[PDB]
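In structure tokens, one chain follows: the form deposited in one PDB entry.
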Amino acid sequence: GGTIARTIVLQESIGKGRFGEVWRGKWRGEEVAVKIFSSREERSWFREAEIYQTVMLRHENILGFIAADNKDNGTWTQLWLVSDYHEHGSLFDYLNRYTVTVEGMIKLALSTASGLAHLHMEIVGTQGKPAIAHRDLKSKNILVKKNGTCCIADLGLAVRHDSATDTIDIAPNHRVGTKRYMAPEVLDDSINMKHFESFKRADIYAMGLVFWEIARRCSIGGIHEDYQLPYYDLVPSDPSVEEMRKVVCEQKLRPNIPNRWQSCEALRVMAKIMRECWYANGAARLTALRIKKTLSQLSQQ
């Protein structure tokens, strides 16, 4: 019989995401992470399996996919996605728990940017990889590895591009992701969803917000900010699209960039990146590749 889900033993509930539930399990004694969906969540499970099985997707900054599988407990069927397990868990949890050095902040930012640039990059060839946009990037969907680098997870809302015929592989709906991190053009439904570049540009805005979350926790001489989500100072917990739109589109506010960040070159570079991710017009935003190059150069300095 089956060689994956059949031989994995669940040990601990991690939490619920948008769809399904995440567990820590053991496969041949090795820790793995398992996202479990019910029968009525088959479409979400299949789509996420489909994205993870994209040719040439594997990358140190994308969550390591092990397998999609079914498991029948004798009463109902569970739909499984099995991945690498990372003890730290999400970047959200990590940044709540800890402060980071300049070096640590750069490692988190660069690795996140490298993951995104890999998603975004079309790789030509017989085993070519289509460009992929995530559509729900946030600190809760990025995991921190033991080596202090990040990998991106939760690929179920992603869209894939066919460059040749110029088509996206699904018919995407407006506003599928996390409201707090929606780009201005997503918030007001102005985004042109026939244009794949628009989804890439929306991801960059969200990454900018994640970079802000990280930079806050960069402690220099004991001085740092408390952990906050972007827009903590302007919208309620669990904000509505209208609440978000009023702040982001009408008032045109972005997360505050503290004065203390100009006094350190690494923070200065990060703050400049954030601004250039946060333009209301997506076409003006930096690319993931450019951001990766800037952070790579910085980590060398």
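In this text, residue numbers run from 1 along the sequence as written. Rigid core here is just the name for the largest C-alpha set that superposes within 1.5 Å across the two forms.
Of the other structures of this protein that model both sides of residue 173, a third or more give it no coordinates. As recorded in the PDB entry, 232-240 is the stretch of 35-43 and 232-240 with the greater mean C-alpha temperature factor.
Note on 245-253 vs 47-55: mean CA B-factor is higher in 245-253.
Take 172, 208, 115, 74 and read off each C-alpha B-factor from the entry; 172 has the highest. Residue-level inspection of the entry shows that, of 201, 86, 180, 224, 224 has the top Cα B-factor. When the modelled residues of the chain are ordered by their C-alpha B factor, residue 149 lands in the middle third. In the PDB entry, residue 189 places in the highest third of its chain by CA B-factor.
When all modelled residues of the chain are sorted by CA temperature factor, residue 264 is found within the highest third. In this PDB entry, residue 79 carries a Cα temperature factor that places it within the lowest third of its chain's modelled residues. When the CA B factors of the chain's modelled residues are split into thirds, the value for residue 30 lands in the highest one.
The same protein has a further form, the form deposited in another entry, not shown here; the description that follows concerns it.
In the core-superposed comparison between the shown form and the other one, residue 145 has its Cα shifted by less than 2 Å. Once you line up the core between the shown form and the other one, the Cα of residue 249 stays within less than 2 Å of where it was. Core-superposed comparison between the shown form and the other one: the CA of residue 18 exceeds or equals a 2 Å shift. Three angstroms is the minimum change: in the other entry, the CA atoms of residue 141 and residue 41 sit closer than in this structure, by 3 Å or more. In the other entry, the CA atoms of residue 171 and residue 157 draw together by 3 angstroms or more relative to this form.
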